[PDB]
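Coordinates from model23.pdb are shown below (PDB, C-alpha atoms and all ligand atoms).
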ATOM      1  CA  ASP P   1     113.802  78.352  88.318  1.00  0.00           C
ATOM      2  CA  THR P   2     111.238  79.510  85.781  1.00  0.00           C
ATOM      3  CA  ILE P   3     107.514  80.213  86.073  1.00  0.00           C
ATOM      4  CA  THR P   4     105.651  79.432  82.841  1.00  0.00           C
ATOM      5  CA  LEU P   5     102.218  81.056  82.636  1.00  0.00           C
ATOM      6  CA  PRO P   6      99.688  79.587  80.178  1.00  0.00           C
ATOM      7  CA  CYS P   7      98.258  82.224  77.854  1.00  0.00           C
ATOM      8  CA  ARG P   8      95.346  82.474  75.420  1.00  0.00           C
ATOM      9  CA  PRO P   9      95.811  83.243  72.649  1.00  0.00           C
ATOM     10  CA  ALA P  10      99.527  82.648  72.071  1.00  0.00           C
ATOM     11  CA  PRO P  11     101.240  86.039  72.542  1.00  0.00           C
ATOM     12  CA  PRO P  12     104.003  86.769  70.013  1.00  0.00           C
ATOM     13  CA  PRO P  13     107.577  86.790  71.355  1.00  0.00           C
ATOM     14  CA  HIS P  14     107.879  90.537  70.720  1.00  0.00           C
ATOM     15  CA  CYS P  15     104.930  91.065  73.087  1.00  0.00           C
ATOM     16  CA  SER P  16     107.307  90.330  75.973  1.00  0.00           C
ATOM     17  CA  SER P  17     107.339  93.267  78.379  1.00  0.00           C
ATOM     18  CA  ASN P  18     108.613  94.395  81.796  1.00  0.00           C
ATOM     19  CA  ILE P  19     106.592  94.068  85.008  1.00  0.00           C
ATOM     20  CA  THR P  20     107.004  97.546  86.515  1.00  0.00           C
ATOM     21  CA  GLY P  21     104.232  97.113  89.073  1.00  0.00           C
ATOM     22  CA  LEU P  22     100.931  95.532  89.978  1.00  0.00           C
ATOM     23  CA  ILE P  23      97.660  96.232  91.784  1.00  0.00           C
ATOM     24  CA  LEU P  24      96.496  94.400  94.910  1.00  0.00           C
ATOM     25  CA  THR P  25      93.291  94.217  96.938  1.00  0.00           C
ATOM     26  CA  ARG P  26      93.407  93.449 100.651  1.00  0.00           C
ATOM     27  CA  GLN P  27      90.900  90.874 101.880  1.00  0.00           C
ATOM     28  CA  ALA P  28      96.026  89.296 112.898  1.00  0.00           C
ATOM     29  CA  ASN P  29      99.680  88.870 111.934  1.00  0.00           C
ATOM     30  CA  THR P  30      98.402  87.329 108.666  1.00  0.00           C
ATOM     31  CA  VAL P  31      97.107  89.617 105.901  1.00  0.00           C
ATOM     32  CA  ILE P  32      95.924  88.306 102.528  1.00  0.00           C
ATOM     33  CA  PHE P  33      96.211  90.107  99.183  1.00  0.00           C
ATOM     34  CA  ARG P  34      94.819  89.267  95.744  1.00  0.00           C
ATOM     35  CA  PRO P  35      95.318  90.737  92.259  1.00  0.00           C
ATOM     36  CA  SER P  36      92.679  93.398  91.729  1.00  0.00           C
ATOM     37  CA  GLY P  37      89.769  92.898  89.354  1.00  0.00           C
ATOM     38  CA  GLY P  38      88.796  96.564  89.266  1.00  0.00           C
ATOM     39  CA  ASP P  39      88.250  98.213  85.899  1.00  0.00           C
ATOM     40  CA  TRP P  40      91.052  99.795  83.882  1.00  0.00           C
ATOM     41  CA  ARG P  41      89.774 103.022  85.446  1.00  0.00           C
ATOM     42  CA  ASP P  42      90.763 101.616  88.847  1.00  0.00           C
ATOM     43  CA  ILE P  43      94.119 100.837  87.231  1.00  0.00           C
ATOM     44  CA  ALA P  44      94.459 104.502  86.232  1.00  0.00           C
ATOM     45  CA  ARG P  45      94.456 105.765  89.835  1.00  0.00           C
ATOM     46  CA  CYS P  46      97.833 104.052  90.336  1.00  0.00           C
ATOM     47  CA  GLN P  47      99.525 106.484  87.899  1.00  0.00           C
ATOM     48  CA  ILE P  48     102.478 104.138  87.240  1.00  0.00           C
ATOM     49  CA  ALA P  49     101.492 102.415  83.981  1.00  0.00           C
ATOM     50  CA  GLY P  50     103.060 103.188  80.629  1.00  0.00           C
ATOM     51  CA  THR P  51     101.328 102.958  77.253  1.00  0.00           C
ATOM     52  CA  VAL P  52     100.200  99.305  77.276  1.00  0.00           C
ATOM     53  CA  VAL P  53      96.832  98.488  78.870  1.00  0.00           C
ATOM     54  CA  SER P  54      97.049  95.546  81.270  1.00  0.00           C
ATOM     55  CA  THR P  55      95.157  93.974  84.178  1.00  0.00           C
ATOM     56  CA  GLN P  56      96.675  92.559  87.393  1.00  0.00           C
ATOM     57  CA  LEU P  57     100.186  93.623  86.336  1.00  0.00           C
ATOM     58  CA  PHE P  58     101.706  96.865  85.073  1.00  0.00           C
ATOM     59  CA  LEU P  59     103.727  96.156  81.940  1.00  0.00           C
ATOM     60  CA  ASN P  60     106.098  98.698  80.439  1.00  0.00           C
ATOM     61  CA  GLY P  61     105.276 101.247  83.118  1.00  0.00           C
ATOM     62  CA  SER P  62     107.328 103.458  85.396  1.00  0.00           C
ATOM     63  CA  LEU P  63     109.770 102.246  88.035  1.00  0.00           C
ATOM     64  CA  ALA P  64     110.562 103.522  91.501  1.00  0.00           C
ATOM     65  CA  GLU P  65     113.918 105.139  92.229  1.00  0.00           C
ATOM     66  CA  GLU P  66     115.569 103.117  95.006  1.00  0.00           C
ATOM     67  CA  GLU P  67     113.176 100.533  96.484  1.00  0.00           C
ATOM     68  CA  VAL P  68     109.646  99.175  96.170  1.00  0.00           C
ATOM     69  CA  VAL P  69     106.953 101.723  97.040  1.00  0.00           C
ATOM     70  CA  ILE P  70     103.271 101.061  97.767  1.00  0.00           C
ATOM     71  CA  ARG P  71     100.539 103.709  97.660  1.00  0.00           C
ATOM     72  CA  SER P  72      96.851 103.832  98.532  1.00  0.00           C
ATOM     73  CA  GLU P  73      94.134 106.472  98.706  1.00  0.00           C
ATOM     74  CA  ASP P  74      93.142 104.988 102.080  1.00  0.00           C
ATOM     75  CA  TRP P  75      94.891 102.084 103.805  1.00  0.00           C
ATOM     76  CA  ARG P  76      91.848 101.668 106.072  1.00  0.00           C
ATOM     77  CA  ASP P  77      89.357 101.004 103.254  1.00  0.00           C
ATOM     78  CA  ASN P  78      89.995  97.653 101.568  1.00  0.00           C
ATOM     79  CA  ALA P  79      87.832  98.603  98.574  1.00  0.00           C
ATOM     80  CA  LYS P  80      90.666 100.974  97.685  1.00  0.00           C
ATOM     81  CA  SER P  81      93.350  99.104  95.763  1.00  0.00           C
ATOM     82  CA  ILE P  82      97.041  99.039  96.664  1.00  0.00           C
ATOM     83  CA  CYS P  83      99.362 100.275  93.910  1.00  0.00           C
ATOM     84  CA  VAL P  84     102.704  98.446  94.036  1.00  0.00           C
ATOM     85  CA  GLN P  85     105.495 100.084  92.024  1.00  0.00           C
ATOM     86  CA  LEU P  86     108.600  97.962  91.507  1.00  0.00           C
ATOM     87  CA  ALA P  87     112.120  99.367  91.646  1.00  0.00           C
ATOM     88  CA  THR P  88     113.610  96.658  89.402  1.00  0.00           C
ATOM     89  CA  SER P  89     111.262  95.566  86.622  1.00  0.00           C
ATOM     90  CA  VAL P  90     110.648  91.823  86.336  1.00  0.00           C
ATOM     91  CA  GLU P  91     110.870  90.554  82.762  1.00  0.00           C
ATOM     92  CA  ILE P  92     107.998  88.508  81.327  1.00  0.00           C
ATOM     93  CA  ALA P  93     109.054  86.629  78.186  1.00  0.00           C
ATOM     94  CA  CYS P  94     106.443  85.214  75.816  1.00  0.00           C
ATOM     95  CA  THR P  95     107.670  82.506  73.449  1.00  0.00           C
ATOM     96  CA  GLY P  96     104.858  82.459  70.878  1.00  0.00           C
ATOM     97  CA  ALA P  97     104.052  78.827  71.735  1.00  0.00           C
ATOM     98  CA  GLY P  98     101.221  79.853  74.069  1.00  0.00           C
ATOM     99  CA  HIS P  99     103.230  80.608  77.222  1.00  0.00           C
ATOM    100  CA  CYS P 100     104.888  83.672  78.738  1.00  0.00           C
ATOM    101  CA  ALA P 101     107.735  82.808  81.104  1.00  0.00           C
ATOM    102  CA  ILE P 102     109.166  84.641  84.121  1.00  0.00           C
ATOM    103  CA  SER P 103     112.217  83.872  86.249  1.00  0.00           C
ATOM    104  CA  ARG P 104     111.036  82.375  89.537  1.00  0.00           C
ATOM    105  CA  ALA P 105     113.910  83.722  91.644  1.00  0.00           C
ATOM    106  CA  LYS P 106     113.361  87.366  90.686  1.00  0.00           C
ATOM    107  CA  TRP P 107     109.604  87.211  91.286  1.00  0.00           C
ATOM    108  CA  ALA P 108     110.265  85.650  94.700  1.00  0.00           C
ATOM    109  CA  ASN P 109     112.571  88.513  95.686  1.00  0.00           C
ATOM    110  CA  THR P 110     109.982  90.939  94.303  1.00  0.00           C
ATOM    111  CA  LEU P 111     107.243  89.304  96.380  1.00  0.00           C
ATOM    112  CA  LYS P 112     109.538  89.450  99.417  1.00  0.00           C
ATOM    113  CA  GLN P 113     110.239  93.159  98.906  1.00  0.00           C
ATOM    114  CA  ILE P 114     106.493  93.729  98.511  1.00  0.00           C
ATOM    115  CA  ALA P 115     105.838  91.661 101.640  1.00  0.00           C
ATOM    116  CA  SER P 116     108.373  93.683 103.642  1.00  0.00           C
ATOM    117  CA  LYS P 117     106.656  96.920 102.610  1.00  0.00           C
ATOM    118  CA  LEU P 118     103.229  95.435 103.354  1.00  0.00           C
ATOM    119  CA  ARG P 119     104.540  94.310 106.748  1.00  0.00           C
ATOM    120  CA  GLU P 120     105.592  97.854 107.659  1.00  0.00           C
ATOM    121  CA  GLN P 121     102.229  99.229 106.515  1.00  0.00           C
ATOM    122  CA  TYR P 122      99.954  96.728 108.291  1.00  0.00           C
ATOM    123  CA  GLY P 123     102.179  95.492 111.127  1.00  0.00           C
ATOM    124  CA  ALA P 124     101.549  91.846 110.267  1.00  0.00           C
ATOM    125  CA  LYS P 125     104.191  89.123 110.245  1.00  0.00           C
ATOM    126  CA  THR P 126     102.752  86.937 107.463  1.00  0.00           C
ATOM    127  CA  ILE P 127     101.866  88.224 103.987  1.00  0.00           C
ATOM    128  CA  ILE P 128      99.872  85.798 101.829  1.00  0.00           C
ATOM    129  CA  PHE P 129      99.202  86.242  98.110  1.00  0.00           C
ATOM    130  CA  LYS P 130      96.062  84.448  96.947  1.00  0.00           C
ATOM    131  CA  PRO P 131      94.754  84.122  93.367  1.00  0.00           C
ATOM    132  CA  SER P 132      92.065  86.368  91.919  1.00  0.00           C
ATOM    133  CA  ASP P 133      85.121  88.564  84.489  1.00  0.00           C
ATOM    134  CA  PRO P 134      87.793  86.621  82.582  1.00  0.00           C
ATOM    135  CA  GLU P 135      89.635  89.809  81.593  1.00  0.00           C
ATOM    136  CA  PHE P 136      90.331  90.771  85.218  1.00  0.00           C
ATOM    137  CA  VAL P 137      90.741  87.320  86.787  1.00  0.00           C
ATOM    138  CA  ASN P 138      93.615  86.756  84.339  1.00  0.00           C
ATOM    139  CA  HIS P 139      96.675  88.880  83.651  1.00  0.00           C
ATOM    140  CA  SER P 140      95.189  90.400  80.502  1.00  0.00           C
ATOM    141  CA  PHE P 141      97.166  92.904  78.436  1.00  0.00           C
ATOM    142  CA  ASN P 142      96.908  94.651  75.066  1.00  0.00           C
ATOM    143  CA  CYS P 143      99.842  94.130  72.684  1.00  0.00           C
ATOM    144  CA  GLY P 144      99.603  95.552  69.175  1.00  0.00           C
ATOM    145  CA  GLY P 145      95.885  96.260  69.435  1.00  0.00           C
ATOM    146  CA  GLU P 146      95.361  92.546  70.161  1.00  0.00           C
ATOM    147  CA  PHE P 147      94.220  91.340  73.579  1.00  0.00           C
ATOM    148  CA  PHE P 148      95.685  88.351  75.419  1.00  0.00           C
ATOM    149  CA  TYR P 149      94.851  86.429  78.589  1.00  0.00           C
ATOM    150  CA  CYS P 150      97.276  84.592  80.882  1.00  0.00           C
ATOM    151  CA  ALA P 151      96.440  82.478  83.935  1.00  0.00           C
ATOM    152  CA  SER P 152      98.184  84.305  86.789  1.00  0.00           C
ATOM    153  CA  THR P 153      97.479  81.768  89.550  1.00  0.00           C
ATOM    154  CA  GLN P 154     101.176  80.851  89.559  1.00  0.00           C
ATOM    155  CA  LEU P 155     102.113  84.447  90.396  1.00  0.00           C
ATOM    156  CA  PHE P 156      99.738  85.037  93.338  1.00  0.00           C
ATOM    157  CA  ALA P 157      99.770  81.814  95.366  1.00  0.00           C
ATOM    158  CA  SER P 158     102.505  82.135  97.991  1.00  0.00           C
ATOM    159  CA  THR P 159     103.160  82.929 101.645  1.00  0.00           C
ATOM    160  CA  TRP P 160     105.855  85.145 103.184  1.00  0.00           C
ATOM    161  CA  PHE P 161     106.659  84.991 106.895  1.00  0.00           C
ATOM    162  CA  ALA P 162     108.598  87.662 108.778  1.00  0.00           C
TER     163      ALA P 162
HETATM  164  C1  LIG N 201     107.069  96.548  76.111  1.00  0.00           C
HETATM  165  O1  LIG N 201     108.291  97.128  75.654  1.00  0.00           O
HETATM  166  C2  LIG N 201     109.145  96.208  74.962  1.00  0.00           C
HETATM  167  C3  LIG N 201     110.427  96.949  74.673  1.00  0.00           C
HETATM  168  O2  LIG N 201     110.166  98.312  74.368  1.00  0.00           O
HETATM  169  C4  LIG N 201     108.443  95.718  73.703  1.00  0.00           C
HETATM  170  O3  LIG N 201     109.271  94.768  73.043  1.00  0.00           O
HETATM  171  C5  LIG N 201     107.106  95.085  74.064  1.00  0.00           C
HETATM  172  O4  LIG N 201     106.394  94.763  72.875  1.00  0.00           O
HETATM  173  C6  LIG N 201     106.262  96.032  74.918  1.00  0.00           C
HETATM  174  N1  LIG N 201     105.055  95.360  75.372  1.00  0.00           N
HETATM  175  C7  LIG N 201     103.850  95.577  74.836  1.00  0.00           C
HETATM  176  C8  LIG N 201     102.717  94.795  75.432  1.00  0.00           C
HETATM  177  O5  LIG N 201     103.683  96.369  73.915  1.00  0.00           O
HETATM  178  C1  LIG N 202     112.621  96.079  79.541  1.00  0.00           C
HETATM  179  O1  LIG N 202     112.570  94.963  78.649  1.00  0.00           O
HETATM  180  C2  LIG N 202     113.654  94.926  77.709  1.00  0.00           C
HETATM  181  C3  LIG N 202     113.393  93.752  76.793  1.00  0.00           C
HETATM  182  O2  LIG N 202     112.012  93.425  76.753  1.00  0.00           O
HETATM  183  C4  LIG N 202     114.983  94.821  78.453  1.00  0.00           C
HETATM  184  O3  LIG N 202     116.051  94.867  77.513  1.00  0.00           O
HETATM  185  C5  LIG N 202     115.121  95.960  79.455  1.00  0.00           C
HETATM  186  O4  LIG N 202     116.295  95.780  80.236  1.00  0.00           O
HETATM  187  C6  LIG N 202     113.901  96.012  80.369  1.00  0.00           C
HETATM  188  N1  LIG N 202     113.991  97.147  81.277  1.00  0.00           N
HETATM  189  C7  LIG N 202     114.649  97.104  82.438  1.00  0.00           C
HETATM  190  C8  LIG N 202     114.635  98.366  83.248  1.00  0.00           C
HETATM  191  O5  LIG N 202     115.233  96.093  82.818  1.00  0.00           O
END

Could you write out this structure as structure tokens?
Ligand SMILES: *[C@@H]1O[C@H](CO)[C@@H](O)[C@H](O)[C@H]1NC(C)=O
Ligand SMILES: *[C@@H]1O[C@H](CO)[C@@H](O)[C@H](O)[C@H]1NC(C)=O
Amino acid sequence: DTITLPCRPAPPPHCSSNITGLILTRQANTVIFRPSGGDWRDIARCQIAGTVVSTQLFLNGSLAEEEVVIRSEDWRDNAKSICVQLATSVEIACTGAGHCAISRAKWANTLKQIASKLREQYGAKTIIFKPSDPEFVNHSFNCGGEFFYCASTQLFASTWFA
């Protein structure tokens, strides 16, 4: 019902943002994706972030018009990262007690929409999200000039069949 990510340090409740997108890195009818650890420069090539600076997930960025869209400089080269832009932003709510919470049902539908787009692009039936420096292995984001780190293993640890 709710996914509760542990965070360090405790992000204030007004640091809660909107997940407008993320960045993946591709590793049969089974293709595996992981949250990218590339530098914030590699984040820039997605061109869908807003003002906040964040790893693994795009907070407070731009949304797609109708449906989820995925872009890549080259789908053949796996070193190139996949830029996922959400159509409906998923809300991440920090409570100030050391955890930022996300609704499980909405992230599941988001992962299913992403899987459907990744299925059309790679022709595979099964899309698997596997977990990921500490700044890039975690969902790290800058709120109010202060940096935070959240364990994102709960977000990227699922499977999605056809
Ligand atoms: C994202 O935007 C919301 C609403 O504008 C704001 O409350 C929140 O602090 C922003 N997130 C960051 C990390 O600045
Ligand atoms: C962005 O987040 C704010 C609160 O943090 C929320 O009111 C707003 O609906 C979110 N944006 C979208 C498009 O849902």

Within 7 Å of ligand LIG 201 (chain N), counting all atoms listed in the file, residues as a PDB file with C-alpha atoms, in the frame of the given file:
ATOM      1  CA  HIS P  14     107.879  90.537  70.720  1.00  0.00           C
ATOM      2  CA  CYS P  15     104.930  91.065  73.087  1.00  0.00           C
ATOM      3  CA  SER P  16     107.307  90.330  75.973  1.00  0.00           C
ATOM      4  CA  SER P  17     107.339  93.267  78.379  1.00  0.00           C
ATOM      5  CA  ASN P  18     108.613  94.395  81.796  1.00  0.00           C
ATOM      6  CA  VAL P  52     100.200  99.305  77.276  1.00  0.00           C
ATOM      7  CA  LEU P  59     103.727  96.156  81.940  1.00  0.00           C
ATOM      8  CA  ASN P  60     106.098  98.698  80.439  1.00  0.00           C
ATOM      9  CA  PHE P 141      97.166  92.904  78.436  1.00  0.00           C
ATOM     10  CA  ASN P 142      96.908  94.651  75.066  1.00  0.00           C
ATOM     11  CA  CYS P 143      99.842  94.130  72.684  1.00  0.00           C
ATOM     12  CA  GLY P 144      99.603  95.552  69.175  1.00  0.00           C
TER      13      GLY P 144
END

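Note that the spacing between atom CA of residue P:162 and atom CA of residue P:110 amounts to 14.9 Å.
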
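Across P:37, P:21, P:50, P:9, the tightest approach to residue P:133 is made by P:37 when counting only C-alpha atoms.
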
Env of residue P:87: 8 Å cut, atoms = all atoms listed in the file, seq-sep filter 3 positions within chain, self excluded. Answer as a short mmCIF file (atom, residue, chain, number, x, y, z; two decimals) with C-alpha atoms, in the frame of the given file.
data_model
loop_
_atom_site.label_atom_id
_atom_site.label_comp_id
_atom_site.auth_asym_id
_atom_site.auth_seq_id
_atom_site.Cartn_x
_atom_site.Cartn_y
_atom_site.Cartn_z
CA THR P 20 107.00 97.55 86.52
CA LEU P 63 109.77 102.25 88.04
CA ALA P 64 110.56 103.52 91.50
CA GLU P 65 113.92 105.14 92.23
CA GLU P 66 115.57 103.12 95.01
CA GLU P 67 113.18 100.53 96.48
CA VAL P 68 109.65 99.18 96.17
CA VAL P 69 106.95 101.72 97.04
#

Ground truth for the PyMOL selection byres (((chain P and resi 82-84) around 9) and not hetatm), written as an NGL selection string: :P and (20-26 or 36 or 43 or 45-48 or 68-75 or 78 or 80-81 or 85-86 or 114)

Export stretch 18-68 of chain P, C-alpha atoms, as a PDB file, in the first residue's frame; it's the structure right above.
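Saved as decode-v9.pdb:
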ATOM      1  CA  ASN P  18       7.094  14.812  -7.559  1.00  0.00           C
ATOM      2  CA  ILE P  19       8.778  11.974  -9.462  1.00  0.00           C
ATOM      3  CA  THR P  20       8.522  13.221 -13.056  1.00  0.00           C
ATOM      4  CA  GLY P  21      11.003  10.702 -14.442  1.00  0.00           C
ATOM      5  CA  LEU P  22      14.062   8.575 -13.868  1.00  0.00           C
ATOM      6  CA  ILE P  23      17.201   7.300 -15.592  1.00  0.00           C
ATOM      7  CA  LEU P  24      17.916   3.634 -16.319  1.00  0.00           C
ATOM      8  CA  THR P  25      20.895   1.618 -17.536  1.00  0.00           C
ATOM      9  CA  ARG P  26      20.375  -1.617 -19.449  1.00  0.00           C
ATOM     10  CA  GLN P  27      22.533  -4.544 -18.353  1.00  0.00           C
ATOM     11  CA  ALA P  28      16.305 -13.082 -24.555  1.00  0.00           C
ATOM     12  CA  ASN P  29      12.732 -12.199 -23.598  1.00  0.00           C
ATOM     13  CA  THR P  30      14.170 -10.970 -20.265  1.00  0.00           C
ATOM     14  CA  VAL P  31      15.901  -7.573 -20.115  1.00  0.00           C
ATOM     15  CA  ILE P  32      17.273  -6.101 -16.883  1.00  0.00           C
ATOM     16  CA  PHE P  33      17.447  -2.403 -15.985  1.00  0.00           C
ATOM     17  CA  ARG P  34      19.072  -0.596 -13.059  1.00  0.00           C
ATOM     18  CA  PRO P  35      19.020   3.013 -11.822  1.00  0.00           C
ATOM     19  CA  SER P  36      21.910   4.842 -13.442  1.00  0.00           C
ATOM     20  CA  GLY P  37      24.974   5.900 -11.479  1.00  0.00           C
ATOM     21  CA  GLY P  38      26.255   8.277 -14.145  1.00  0.00           C
ATOM     22  CA  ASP P  39      27.244  11.787 -13.118  1.00  0.00           C
ATOM     23  CA  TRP P  40      24.782  14.673 -12.948  1.00  0.00           C
ATOM     24  CA  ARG P  41      26.176  15.501 -16.392  1.00  0.00           C
ATOM     25  CA  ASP P  42      24.766  12.182 -17.623  1.00  0.00           C
ATOM     26  CA  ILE P  43      21.519  13.275 -15.966  1.00  0.00           C
ATOM     27  CA  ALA P  44      21.581  16.486 -18.023  1.00  0.00           C
ATOM     28  CA  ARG P  45      21.359  14.666 -21.372  1.00  0.00           C
ATOM     29  CA  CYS P  46      17.819  13.579 -20.437  1.00  0.00           C
ATOM     30  CA  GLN P  47      16.567  17.201 -20.618  1.00  0.00           C
ATOM     31  CA  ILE P  48      13.501  16.497 -18.436  1.00  0.00           C
ATOM     32  CA  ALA P  49      14.633  17.636 -14.975  1.00  0.00           C
ATOM     33  CA  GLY P  50      13.450  20.817 -13.309  1.00  0.00           C
ATOM     34  CA  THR P  51      15.458  22.940 -10.878  1.00  0.00           C
ATOM     35  CA  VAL P  52      16.268  20.359  -8.177  1.00  0.00           C
ATOM     36  CA  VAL P  53      19.396  18.221  -8.632  1.00  0.00           C
ATOM     37  CA  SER P  54      18.713  14.526  -8.050  1.00  0.00           C
ATOM     38  CA  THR P  55      20.192  11.102  -8.824  1.00  0.00           C
ATOM     39  CA  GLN P  56      18.273   7.980  -9.924  1.00  0.00           C
ATOM     40  CA  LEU P  57      14.975   9.903 -10.012  1.00  0.00           C
ATOM     41  CA  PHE P  58      13.854  13.174 -11.579  1.00  0.00           C
ATOM     42  CA  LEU P  59      12.077  15.267  -8.959  1.00  0.00           C
ATOM     43  CA  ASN P  60      10.075  18.355  -9.847  1.00  0.00           C
ATOM     44  CA  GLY P  61      10.859  17.968 -13.533  1.00  0.00           C
ATOM     45  CA  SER P  62       8.800  18.010 -16.703  1.00  0.00           C
ATOM     46  CA  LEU P  63       6.034  15.561 -17.570  1.00  0.00           C
ATOM     47  CA  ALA P  64       5.037  13.950 -20.838  1.00  0.00           C
ATOM     48  CA  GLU P  65       1.776  14.903 -22.530  1.00  0.00           C
ATOM     49  CA  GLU P  66      -0.286  11.718 -22.887  1.00  0.00           C
ATOM     50  CA  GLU P  67       1.736   8.616 -21.951  1.00  0.00           C
ATOM     51  CA  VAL P  68       5.153   7.507 -20.727  1.00  0.00           C
TER      52      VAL P  68
END
